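Q: whatever this is, show me its structure:
(chains A and B)
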2 protein chains.
Amino acid sequence: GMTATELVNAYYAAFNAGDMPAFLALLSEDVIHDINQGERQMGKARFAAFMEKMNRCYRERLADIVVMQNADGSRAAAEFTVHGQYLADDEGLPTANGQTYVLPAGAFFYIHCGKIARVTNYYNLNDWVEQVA
Amino acid sequence: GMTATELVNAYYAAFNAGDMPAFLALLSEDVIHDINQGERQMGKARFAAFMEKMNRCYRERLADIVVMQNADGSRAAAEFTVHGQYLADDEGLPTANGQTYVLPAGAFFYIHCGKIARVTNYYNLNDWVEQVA
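A: Residues are numbered from 1 along each chain as shown, chains lettered A, B, ... in the order given. Dropping the coordinates below:
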């Protein structure tokens, strides 16, 4: 019975708290995940693997979260500020040494049957690389 | 007296119709323009110059536009599908030869005093380059 706004708020609450069971529970089994400047990854197993890797390499807190939805709650969007620390080398990227970064980001969502069926992530990758390189 | 939704709909109507006076009229004089994977450009004059260049090099139609806002209309977001044709070489990018492209994109907005005060553009640049290269 959650609204789209509530669902997306719960997504980010779980993200911020590092509560992976709560986070993954909100996603459909066939969730589409559009990685910023990267590949479309399909399915919850791949999303769980993505989060495992992200948790190996980064810690992030999202601030200033603004969540919006369409009237029927099938579509949503969020804009926020990422506060992060780069903890361990991620593949294909600059070396990690604990550096901090701060940058705006956003996401778009498709919601169906009360689950998040698509997450599309956006941010300026060039800005992030400049901050950590 | 327009709502944020109406304002953003007018922005995209003007974009789609190629009506530059109508498009630029919606923007604040000090509009912040966050170019996808690029620079923050400040001010309406720079935005007009950006559009002049864009119009020199591309023709785009946006489909499937979904516009969302926060309750007070200070923030908005749009997701859509870009249908484009690359008409003339743009600087720092692959050669143009009239190729077509289709890809999702989105934008985030800050609205103040009834004008668009920030436009932040997002899309997968790698996907676009792959489509035209």
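
Q: same for the helix or strand harbouring residue A:108, what does it pack against?
A: Assigned by DSSP states H and E, residue A:108 belongs to strand A:99-112. Other helices and strands packing on strand A:99-112, by 3 or more Cβ pairs under 8 Å, 6 or more residues apart in numbering or on different chains; DSSP states H and E, are helix A:4-17, strand A:75-86, strand A:115-123, helix A:125-132, strand B:75-86, strand B:99-112, strand B:115-123. (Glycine included, C-beta is placed from N, CA and C.)

Q: make TSV out of those and add mean neighbour count and distance to residue B:26.
A: Below are those laid out as TSV (neighbours: other Cβ atoms under 10 Å in any protein chain shown; distance: least, Cβ to Cβ, whole Å):
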stretch	mean neighbour count	distance to residue B:26
helix A:4-17	17	26
strand A:75-86	20	19
strand A:115-123	20	22
helix A:125-132	16	26
strand B:75-86	20	12
strand B:99-112	18	10
strand B:115-123	20	5
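
Q: any idea which of the ones you listed gets closest to residue B:11?
A: strand B:115-123 (6.5 Å; Cβ to Cβ).

Q: check which helices and strands the closest one sits against.
A: Going by 3+ Cβ pairs under 8 Å, 6+ apart, strand B:115-123 lies up against strand A:99-112, helix B:4-17, strand B:27-34, strand B:99-112.

Q: now render the ones you listed as CSV, adding distance to residue A:129.
A: Output for the helices and strands packed on strand B:115-123, formatted as CSV (distance: least, Cβ to Cβ, whole Å):
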stretch, distance to residue A:129
strand A:99-112, 10
helix B:4-17, 30
strand B:27-34, 16
strand B:99-112, 21
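
Q: picking that back up, which residues touch the strand holding residue A:108?
A: A:4, A:7-8, A:28, A:32, A:62, A:73-86, A:116-124, A:127-128, A:131-132, B:34, B:77, B:79, B:106, B:108, B:120, B:122 (Cβ atoms under 8 Å, 6 or more residues apart in numbering or on different chains).

Q: swap the cut-off to 6 Å and go again
A: Outside strand A:99-112, the residues within contact range by Cβ atoms under 6 Å, 6 or more residues apart in numbering or on different chains are A:4, A:73-74, A:76-79, A:81-86, A:116-123, A:127-128, A:131-132, B:79, B:106, B:108.

Q: near chain B, which residues of chain A show up?
A: Counting by Cβ under 6 Å from any Cβ of the partner chain, chain A comes close to chain B at A:37, A:66, A:68, A:70, A:75, A:77, A:79, A:106, A:108, A:122, A:124, A:126.

Q: cutoff 8 Å now
A: A:34, A:36-38, A:66, A:68-70, A:75-77, A:79, A:104, A:106, A:108, A:120, A:122, A:124-126 (Cβ under 8 Å from any Cβ of the partner chain).

Q: picking that back up, who does the strand holding residue A:108 pair up with?
A: The strands beside strand A:99-112 in its sheet (DSSP bridges) come out as strand A:75-86 (antiparallel), strand A:115-123 (antiparallel).

Q: between those, which one is closest to residue B:49.
A: strand A:115-123 (24.3 Å).

Q: angle of that closest one against helix A:4-17?
A: 60 degrees (axes from the mean of the first three to the mean of the last three Cα atoms, to 10 degrees).

Q: what's in contact with strand A:115-123?
A: With Cβ under 8 Å, 6+ apart as the criterion, strand A:115-123 contacts A:7-8, A:11, A:26-28, A:30-36, A:47, A:82, A:103-111, B:79, B:104, B:106, B:122.

Q: 6 Å instead?
A: A:26-28, A:31-34, A:36, A:105-110, B:122.

Q: same thing with stretch A:70-86?
A: A:3-4, A:8, A:58-69, A:96, A:99-109, A:111, A:132, B:66, B:68, B:77, B:108.

Q: count the residues that sit near residue A:43.
A: Residue A:43 has 15 neighbours, counted by other Cβ atoms under 10 Å in any protein chain shown.

Q: quick revisit: export the helices and strands packed on strand A:99-112 to JSON lines and tack on distance to residue B:18?
A: Output for the helices and strands packed on strand A:99-112, formatted as JSON lines (distance: least, Cβ to Cβ, whole Å):
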{"stretch": "helix A:4-17", "distance to residue B:18": "33"}
{"stretch": "strand A:75-86", "distance to residue B:18": "26"}
{"stretch": "strand A:115-123", "distance to residue B:18": "26"}
{"stretch": "helix A:125-132", "distance to residue B:18": "29"}
{"stretch": "strand B:75-86", "distance to residue B:18": "13"}
{"stretch": "strand B:99-112", "distance to residue B:18": "18"}
{"stretch": "strand B:115-123", "distance to residue B:18": "17"}
